[PDB]
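Here the structure is laid out as structure tokens; the discussion comes afterwards.
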Amino acid sequence: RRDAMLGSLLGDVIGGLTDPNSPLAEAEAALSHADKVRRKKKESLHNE
Amino acid sequence: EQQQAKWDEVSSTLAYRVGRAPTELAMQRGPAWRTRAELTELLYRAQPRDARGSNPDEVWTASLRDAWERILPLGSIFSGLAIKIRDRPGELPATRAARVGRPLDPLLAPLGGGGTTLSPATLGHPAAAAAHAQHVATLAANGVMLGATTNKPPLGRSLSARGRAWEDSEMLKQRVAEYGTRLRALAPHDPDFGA
Amino acid sequence: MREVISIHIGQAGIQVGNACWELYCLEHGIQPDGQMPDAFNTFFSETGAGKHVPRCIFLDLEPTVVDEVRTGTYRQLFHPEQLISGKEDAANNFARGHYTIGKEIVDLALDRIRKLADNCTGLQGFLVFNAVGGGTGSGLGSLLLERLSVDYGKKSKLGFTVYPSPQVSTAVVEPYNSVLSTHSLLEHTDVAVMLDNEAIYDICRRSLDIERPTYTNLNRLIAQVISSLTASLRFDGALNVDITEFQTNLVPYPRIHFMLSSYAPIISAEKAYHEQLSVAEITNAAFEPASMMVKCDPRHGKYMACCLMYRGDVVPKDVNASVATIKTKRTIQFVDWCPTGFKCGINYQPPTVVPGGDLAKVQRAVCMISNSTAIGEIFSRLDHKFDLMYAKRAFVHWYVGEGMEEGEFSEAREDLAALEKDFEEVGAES
Amino acid sequence: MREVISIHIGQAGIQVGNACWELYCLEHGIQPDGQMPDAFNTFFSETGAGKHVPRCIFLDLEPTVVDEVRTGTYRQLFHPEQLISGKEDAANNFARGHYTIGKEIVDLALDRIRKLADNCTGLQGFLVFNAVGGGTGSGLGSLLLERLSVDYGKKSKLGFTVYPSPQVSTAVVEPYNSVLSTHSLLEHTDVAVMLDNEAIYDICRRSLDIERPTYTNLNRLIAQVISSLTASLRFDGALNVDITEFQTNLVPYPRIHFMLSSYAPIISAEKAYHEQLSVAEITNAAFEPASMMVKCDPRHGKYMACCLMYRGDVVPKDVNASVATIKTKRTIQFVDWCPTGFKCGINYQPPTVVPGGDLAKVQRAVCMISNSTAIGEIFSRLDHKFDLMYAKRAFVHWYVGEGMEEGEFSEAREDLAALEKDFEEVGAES
Amino acid sequence: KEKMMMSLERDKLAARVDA
Amino acid sequence: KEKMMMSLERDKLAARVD
Amino acid sequence: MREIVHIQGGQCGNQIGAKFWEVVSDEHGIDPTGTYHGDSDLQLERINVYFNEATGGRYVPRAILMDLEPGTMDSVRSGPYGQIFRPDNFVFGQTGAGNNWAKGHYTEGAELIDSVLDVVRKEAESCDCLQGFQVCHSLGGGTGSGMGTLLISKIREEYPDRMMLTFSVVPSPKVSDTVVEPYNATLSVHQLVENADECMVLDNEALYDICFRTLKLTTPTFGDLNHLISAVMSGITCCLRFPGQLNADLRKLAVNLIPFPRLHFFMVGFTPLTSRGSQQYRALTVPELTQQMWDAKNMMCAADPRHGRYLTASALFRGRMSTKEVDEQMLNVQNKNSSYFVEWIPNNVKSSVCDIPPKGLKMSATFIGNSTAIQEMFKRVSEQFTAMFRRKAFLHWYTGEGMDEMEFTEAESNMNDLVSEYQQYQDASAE
Amino acid sequence: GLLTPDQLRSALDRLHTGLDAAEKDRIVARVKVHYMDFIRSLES
Ligand SMILES: Nc1nc2c(ncn2[C@@H]2O[C@H](COP(=O)(O)OP(=O)(O)OP(=O)(O)O)[C@@H](O)[C@H]2O)c(=O)[nH]1
Ligand SMILES: Nc1nc2c(ncn2[C@@H]2O[C@H](COP(=O)(O)OP(=O)(O)OP(=O)(O)O)[C@@H](O)[C@H]2O)c(=O)[nH]1
Ligand SMILES: Nc1nc2c(ncn2[C@@H]2O[C@H](COP(=O)(O)OP(=O)(O)O)[C@@H](O)[C@H]2O)c(=O)[nH]1
Ligand SMILES: [Mg+2]
Ligand SMILES: [Mg+2]
């Protein structure tokens, strides 16, 4: 039972770091979009 | 049946006068209080010893022999009175062991017979709560705003309609879940009173 | 034995309890040291050798009002473990008192509720003192009463809630914490008695003839109401009217359990000698709308069920002759389906007077707890108050960030409409 | 005559025994000089004209702490050469205390035991006091227990020894010295009572309200535990317990004799009056996990055998009542083959307080000492400390050089690992 | 724990090789 | 990885003893 | 059990904080040496809110002094009540920002923030549980503006569950001390709007008006301005340090005064201010205090309360006062001018009563006002900015520190977002 | 903060020093008398 719990929790922890379907990857995509749109808005405001 | 017809017409007239469903009315909250009383009594008689009370005199002097009675003195020793508390753990009293529901009143037909349910899944009013959860999830996904205008007053649905009555509390849910085994020891089966 | 447990939540809860527990000490002669120099068994428990402790817990997240009692004149009366304190307050936030901070301290609250219930033989009920307009008084009281219903079944809960007034209140976010508390005080509290702040200011201004009184003078005659409704257990009388009589006689429908309060003789020392404290006078004065502790106009609504708590040298006839004149008067309207409206309890002890108090020593007293449909008018004042503030969603991100979702306001407001639509359902004639 | 020879080994045993013999003078009224201004015969020996000398030896290789007792406030109490000193200390080395510098002083120490045994009429048992983390407590303690078992057969031994804590220890090579002392602690001590240092740091911090305690505060309430153990021999009571009463009532197996300890009423000077101490109230605090003298979790294991010592005005009704509550508490779990589980010894002497001590005057007391399978957790974390140390042969050249072989580390670990196998299988469900 | 136990088993079995 | 290699060495030495 | 961390940035922050620390210590009874000499134990119950225990009963303040010049560090140390501060908290530089926002934030700020944030972290962990952070600084300098708002940014991620209270002065239009006052102020507001949860706003010309009109000083000295600011900051935390009839900590003030997180700027005022020649003629009664409290002349901002509709207000009352005369005055002041109060927030005014008055006055009151008149004050700083910005005058002194003009355009735009938000809620209506 | 020697003796008794009369007299004599210097003498 302890080894099965071990395998499940290592699987979730390690796979969340690299999985494109992971909530960590979803958060990274959201934050990257936020930073990109913030920088683009700042540049466009200065240009205007 | 004369009184039942009178109650049906009074409920219909009151519901049309005030603007709510007949089952939603305050006159028809009797079975809700009944099943609340049954849940409280089953919970009290199916609590463990420490949740019931850790009184050193009470537990010990009740368990001194196979008979469970405690003498509570009142007044001085000269003219004294005795309260004979009898309380057998793990069993409801014979005059209290009853699970009462009504299969004839038509306003409890969606509930399938208003009765006491000891399972956590069917505890309280699960179907209306699930419908309201689906409704609020759909509204949140659609992004609408509901409290935007003061010109529109909200419709007055009840706690039993939203699934936020006393019976539908998450804390009764977890308490029944944690005391579930001895709850089923006291009460063997939850009956479906519809038929 | 008759034994009650009182719970005091929030900064209003202790300060009312400070005035409350000042009075119960003088009633049974208990000194602030805790030593008497059989009737005390309700509100006090004997401890060891001649020491009596109150059957109460003073829990508040803010440590300011709790350690004031710890450093006050009653530092020996209370058990130090009973006075439960916290690090930071709820800070006028219902979400803070119910989700974030209130979860850690409610576990320690039930550890002493269980200890107090185990020591006493027979519980008769619960007396909660809180203010629904605050953070801890509403948010932590919502969680505490939710524990007591799911754990301590069939034992009645007596609710004494300080409630906001439309004319004046001392917080900006009074509509939010009071609306959000409405779900807890509907399903969980068996009997809820309302109190309003500046309605009792006008009691001091008009009856007591004091122009500038404070919270200390406000809460002393609150304790007059609390002691008078519980006085039947402590002392013998003609009609012993216990705690369970209130739940069985003052509520016809299980969610409309809201009742008013009114103390009839409210007179100063110098006005006491001129005026004749007749039973017909005080009963007429109690039913006067001016003497209510909440702003209600009983002319607007109809009485549902009335309980009268008489004290002192009241013979069982003058209570009957005075209340017979009450029914004949046209300005007192009863609801049509309740012909039998009055509950009379006669006790055999005059009310005690604290040293330095405003109230005079009177032979007779009346404390009336009455159900009326005009109580729904109080919630209508808060209704438009909430919806105008919620329209622009001001003061919301404090609640959203502290665990709550934005949707919780929606069913809380729509729960309040269920209370309003219930009051004008039961007031409709058939 | 009931009478006990107590031996103290190592720098921990002297300072524990200094506060132990400070306490023993107070129950029997012995002055620091040694003159009283028949219960005293258990620990003090009447010598000539009103002089009571202790039945104890203070053996230690280091003279830096024995002379502090010799120049301290209790110089005249002890016999001049019961306190045995040496030239050089073992200095965290089991090899030094057992082979090189232990052999000279063990023969001198055994000569004092024979003369103490001649003075005592009926010898009841030996009590050892040592630290397994240090060299003298481990090394010299092991050799004395090896020798006394051969010379004094079938005599009861109650081991009060201090173990390293998982978080806090004062040197580096405690894990080496502890596992070597374990091989002689199993076979040659009939009872071992677990003691830990910073488990009492938590007791002093949260109960005595001492923010910055020292070793002197710890040794005073360690003294209160052992004085409550032996209080039944000295003083008359309702139910008496002997040294031989503990053994055939607590240890079921020859290899299982380690047991925990708890002294339940622990209140500071200013917390005495407001607290209420009932018999079942303190017994609830005895089984609390935070109120144990070692860092065990009794919920992880099962209480496999238990004992209780009561002092003061405790009726035999309330002990039978409070045991009944503990048995049916779900948090405390017993092993399945132990239906009865307790020993109740009530003494009619209230616990004496040291003048200037941290403890307050208490009418009733508990000395809960129980055998559990949760003590394998202490032997597990300590074995991991030896595991991660012995892996690359660190700090081994010290142990090889002055006497010990390499292969005796193998025997000590194997005997400890076999003990862990026994604690797991005995507590297993049958 | 397992590694150290089998390490001591290996050491005491390697003692048998020496004789 | 250290445990498996040492176990292989252990039972190899056990067979060597045999 | 609630602690406030005080940090002083700049010459303005050090001079105000030195005048402030001699007021609260005199209120609690700490002498210049540091021991206790209070007559009552009520001053001793809550000392940990502003002080720390030390050996021998000394009470070191929870204050950290930071500035990029050593000149003002000698002035606060040599002044009275200046030996009380810890020598370890006296972090200082040598170069000096020279009233340049970029220098205090980019070039030599980073070599001083790492030092002071270590000092802040060690005292933040010393207490049991923090209540909030308090900073005194300016918006015109460089050592208190650029460096001060950087720490407010840095302390926000490390402790985001705690309150931020800023007592910062703004550049005045009528009186100007520095040529580049709007450049430092426009960039300090952009840092302060997202980081700081509360912002108490001050200005020099309104303090000079109060010291001249209500106090009748012909020569208001430079320290007399700070004494009124000192009296305010003791009044904001008056409930943490003392018991009261109605209790209100810093977060209770935050929840009652901030309807939306961007509208956290407040106008502030101290009520019982009268000249010494007119002292014996005034009636120190709570109807008379309320008349002065809502007057425009008693405000410590350039905002005219007649122009801007009051969103929310807080009144922290100190003294033995009846609770009805507290709030029947607040109800009266709402109903007498309903056109100056926000309709969509019922009960605009928050009241709190403390039973310990300050020394020398038997009654006192501090007014915190969240009003949309404060957007008028930001208009002038925006007006002086865009006068300078479109010609790019005094801009090469700012771009030499690695700061591009990219930050300048967005900093101005978020101030314009602030005044647009206040104006939008001003014209907002019911339904 | 000036104290008398009997007040200092009663203060030690309240502080639970555990000393007897002779040692309390010696401790109060090794320092009316102020209290902070008594604190300093015991502190160092
Ligand atoms: N009757 C009465 N009401 C009081 C008294 N003191 C305070 N109140 C009420 O309580 C409100 C003040 O906020 P509280 O509810 O006490 O605050 P709280 O319960 O401590 O909640 P938090 O402050 O967030 O911890 C006021 O609006 C009053 O209506 C009092 O002495 N008597
Ligand atoms: N509880 C308690 N533990 C002590 C005391 N004195 C020493 N110890 C413990 O003893 C351990 C060190 O071993 P000691 O007994 O002091 O020294 P030793 O065994 O005599 O070895 P040597 O000093 O070289 O002779 C430390 O880790 C302490 O935890 C004491 O007075 N009380
Ligand atoms: N009210 C007040 N304002 C001050 C004080 N000291 C400086 N100032 C203001 O601060 C502005 C200049 O800020 P400055 O001292 O250069 O900031 P620094 O460069 O960070 O030290 C001037 O407009 C002053 O009016 C003070 O003690 N009180
Ligand atoms: Mg509060
Ligand atoms: Mg030594």
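Protein sequences appear in the order of chains l, K, AH, BH, R, S, AI and j.
Sequence positions in the first sequence follow the deposited numbering and run 97 to 144.
Sequence positions in the second sequence follow the deposited numbering and run 148 to 342.
Sequence positions in the third sequence follow the deposited numbering and run 1 to 37, 47 to 439.
Sequence positions in the fourth sequence follow the deposited numbering and run 1 to 37, 47 to 439.
Sequence positions in the fifth sequence follow the deposited numbering and run 203 to 221.
Sequence positions in the sixth sequence follow the deposited numbering and run 203 to 220.
Sequence positions in the seventh sequence follow the deposited numbering and run 1 to 431.
Sequence positions in the eighth sequence follow the deposited numbering and run 103 to 133, 140 to 152.
Every residue gets a Cβ at the ideal spot worked out from N, C-alpha and C, and that includes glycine.
Grab me the residues of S266(K)'s own chain with a C-beta within less than 7 Å of its C-beta, minus the 5 sequence neighbours each way, in chain order.
Sequence index remark: in the second sequence, residue 266(K) carries index 119 (1-based). If you ignore the 5 residues before and after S266(K), its C-beta comes within less than 7 Å of the C-beta of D337, all in its own chain and listed in chain order.
So, are the CB atoms of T170(BH) and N139(BH) less than 8 Å apart?
What you label residue 170(BH) is simply residue 161 of the fourth sequence in a count that begins at 1. What you label residue 139(BH) is simply residue 130 of the fourth sequence in a count that begins at 1. The answer is yes: Cβ separation under 8 Å.
Going by C-alpha to C-alpha distance, which of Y357(AH), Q35(AH) and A180(AH) sits closest to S314(AI)?
Taking the first residue of the seventh sequence as 1, we reach residue 314(AI) at position 314. Considering only alpha carbons, the answer is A180(AH).
May I ask you to check if the CB of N332(AI) is nearer than 7 Å to at least one heavy atom of ligand 4?
In the seventh sequence, residue 332(AI) corresponds to position 332, counting from 1. Distances between the C-beta of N332(AI) and the heavy atoms of ligand 4 are all 7 Å or more.
Check this for me: beta carbons of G350(BH) and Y312(BH), under 8 Å apart or not?
Taking the fourth sequence and counting its residues from 1, the one referred to as residue 350(BH) is at position 341. Taking the fourth sequence and counting its residues from 1, the one referred to as residue 312(BH) is at position 303. For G350(BH) and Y312(BH), yes; Cβs fall inside 8 Å.
Rounded straight-line distance, which links the Cα of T242(K) to that of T170(K):
Start at 1 with the first residue of the second sequence, and residue 170(K) comes out as number 23. Start at 1 with the first residue of the second sequence, and residue 242(K) comes out as number 95. In a straight line, the C-alpha of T170(K) is about 31 Å away from that of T242(K).
Please list, in chain order, all residues of the same chain as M36(BH) whose beta carbon is under 7 Å from its beta carbon, the five residues on each side excluded.
Reading the fourth sequence from its first residue, position 36 is the one you call residue 36(BH). Within the same chain, and ignoring the five residues on either side of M36(BH) in sequence, the residues whose Cβ sits closer than 7 Å to its Cβ are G29, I30, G59 and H61.
Which residues does DSSP pair with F135(AH) in a beta bridge?
Against the third sequence, residue 135(AH) aligns to sequence position 126. For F135(AH), which the question treats as bridged, DSSP gives the partners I5(AH) and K166(AH).
With a threshold of 8 Å between beta carbons, is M164(AI) in contact with chain AH?
Counting from 1 along the seventh sequence, the entry for residue 164(AI) is found at position 164. Chain AH contact via Cβ: absent.
Taking all protein chains shown into account, decide if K203(S) is buried (16 or more other Cβ within 10 angstroms of its Cβ) or exposed.
By one-based count along the sixth sequence, residue 203(S) stands at place 1. So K203(S) counts as exposed.
Go to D392(AH), then tell me how far its alpha helix (DSSP H) extends in each direction, as first and last residue.
In the third sequence, counting from the first residue as 1, residue 392(AH) sits at position 383. First-last of the alpha helix (DSSP H) with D392(AH): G385 to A400.
Can you pull every residue whose C-beta falls closer than 7 Å to some heavy atom of ligand 4, listed in chain order?
These are the residues, in chain order, with a beta carbon less than 7 Å from any non-hydrogen atom of ligand 4: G10(AH), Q11(AH), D69(AH), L70(AH), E71(AH), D98(AH), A99(AH), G143(AH), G144(AH), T145(AH) and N247(AI).
Quick one: does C354(AI) have its CB under 8 Å from some CB of chain AH?
For the purposes of this step, residue 354(AI) is taken as the residue at position 354 of the seventh sequence. Not closer than 8 Å to any Cβ of chain AH, the Cβ of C354(AI) fails to qualify, so no.
Neighbour flag for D327(BH) against chain R, beta carbons, 8 Å:
Counting from one through the fourth sequence, the residue named residue 327(BH) turns up at place 318. No Cβ of chain R is located within less than 8 Å of the beta carbon of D327(BH).
Can you look up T366(AI) in the DSSP assignment and give me helix, strand or coil?
As a position in the seventh sequence, residue 366(AI) is number 366, starting the count at 1. Reduced to three states, the DSSP call for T366(AI) is strand.
Beta strand (DSSP E) containing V119(AI): first to last residue?
Here residue 119(AI) is taken as the residue at index 119 of the seventh sequence, counted from 1. Taken as a continuous stretch (DSSP letters only), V119(AI) belongs to no beta strand (DSSP E), being part of the alpha helix (DSSP H) at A110 to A124.
Contact between the region 345-365 of chain AI and the region 394-408 of chain AI is defined here as three or more beta-carbon pairs at a separation below 8 Å; is this criterion met?
In short, these stretches do not touch, since the Cβ pair count stays below three.
I'd like to check one pair, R62(AI) with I152(AI): are the Cβ atoms closer than 8 Å?
Position 152 of the seventh sequence, counted from the start, is the residue given in the question as residue 152(AI). Position 62 of the seventh sequence, counted from the start, is the residue given in the question as residue 62(AI). Not a contact, by the Cβ cut-off of 8 Å.
Let's see if you can read the secondary structure: which residues bound the alpha helix (DSSP H) around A152(K)?
Numbered from 1 along the second sequence, position 5 holds the residue referred to as residue 152(K). Segment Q149 to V165, the alpha helix (DSSP H) holding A152(K).
Quick one: which chain l residues come within Cβ less than 7 Å of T409(AI)?
Mapped onto the seventh sequence, residue 409(AI) falls at position 409. Chain l residues near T409(AI): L141 and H142.
Output the residue ranges of the alpha helix (DSSP H) runs that lie fully inside the region 341-419 of chain AI and measure 4 residues or longer, sorted by chain position.
Listed in chain order, the complete alpha helix (DSSP H) runs (minimum 4 residues) inside the region 341-419 of chain AI are 374-389 and 396-399.
Could you tell me the boundaries of the beta strand (DSSP E) in which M206(R) lies?
Position 4 of the fifth sequence, counted from the start, is the residue given in the question as residue 206(R). It is not in any beta strand (DSSP E) - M206(R) instead sits in the alpha helix (DSSP H) that spans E204 to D220.
Could you name the residues of the same chain whose beta carbon sits closer than 6 Å to that of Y36(AI), not counting the 5 residues immediately before and after it, in chain order?
Position 36 of the seventh sequence, counted from the first residue, corresponds to residue 36(AI). Excluding its 5 nearest sequence neighbours in each direction, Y36(AI) has C-beta neighbours in its own chain below 6 Å: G29, listed in chain order.
Looking at C-beta atoms only, is the number of pairs between the region 264-278 of chain AI and the region 328-344 of chain AI that lie closer than 8 Å three or more?
Counting Cβ pairs under 8 Å, fewer than three are found: no touch.
Could you tell me whether the region 212-231 of chain AH touches the region 258-276 of chain AH, using the rule of 3 or more Cβ pairs below 8 Å?
Counting Cβ pairs under 8 Å, three or more are found: they touch.
Report yes or no: do three or more beta-carbon pairs, one from the region 102-120 of chain AH and one from the region 300-308 of chain BH, lie closer than 8 Å?
Pairwise C-beta distances place the region 102-120 of chain AH out of contact with the region 300-308 of chain BH, as fewer than three of them are shorter than 8 Å.
Please report the distance separating the alpha-carbon of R105(AH) from that of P300(K).
As a first step, residue 105(AH) must be located in the third sequence, where it is residue number 96. As a first step, residue 300(K) must be located in the second sequence, where it is residue number 153. Straight-line measurement puts the Cα of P300(K) at about 28 Å from the Cα of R105(AH).
Quick check on the burial criterion: 16 or more other C-beta atoms within 10 angstroms. Buried or exposed for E279(AH)?
For the purposes of this step, residue 279(AH) is identified with residue 270 of the third sequence, where counting begins at 1. It is exposed - the Cβ of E279(AH) has fewer than 16 other Cβ atoms within 10 Å.
Going by beta-carbon coordinates alone, are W344(AI) and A254(AI) separated by less than 8 Å?
Along the seventh sequence, read from residue 1 onward, the residue named residue 344(AI) stands at position 344. Along the seventh sequence, read from residue 1 onward, the residue named residue 254(AI) stands at position 254. No, the Cβ-Cβ distance between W344(AI) and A254(AI) is not below 8 Å.
Mind checking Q150(K): buried by the 16 CB within 10 Å criterion, or exposed?
Numbered from 1 along the second sequence, position 3 holds the residue referred to as residue 150(K). It is exposed - the Cβ of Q150(K) has fewer than 16 other Cβ atoms within 10 Å.
Interface positions of the region 203-219 of chain R facing chain BH (Cβ-Cβ less than 7 Å), listed along the chain
Residues passing the 7 Å Cβ filter: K203, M206, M207, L210, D213 and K214.
Which whole-angstrom value describes the C-beta separation of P263(AH) and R176(K), a residue pair presumed to lie in contact below a C-beta threshold of 8 Å?
Working through the third sequence from its first residue, we reach residue 263(AH) at position 254. Working through the second sequence from its first residue, we reach residue 176(K) at position 29. For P263(AH) against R176(K), the beta-carbon gap comes to about 5 Å, under 8 Å, which counts as contact.
To test your reading of the DSSP string, which unbroken alpha helix (DSSP H) runs of 4 or more residues are found completely within the region 288-332 of chain K?
The alpha helix (DSSP H) runs of length 4 or more contained entirely in the region 288-332 of chain K are, from start to end of the chain, 306-309 and 317-325.
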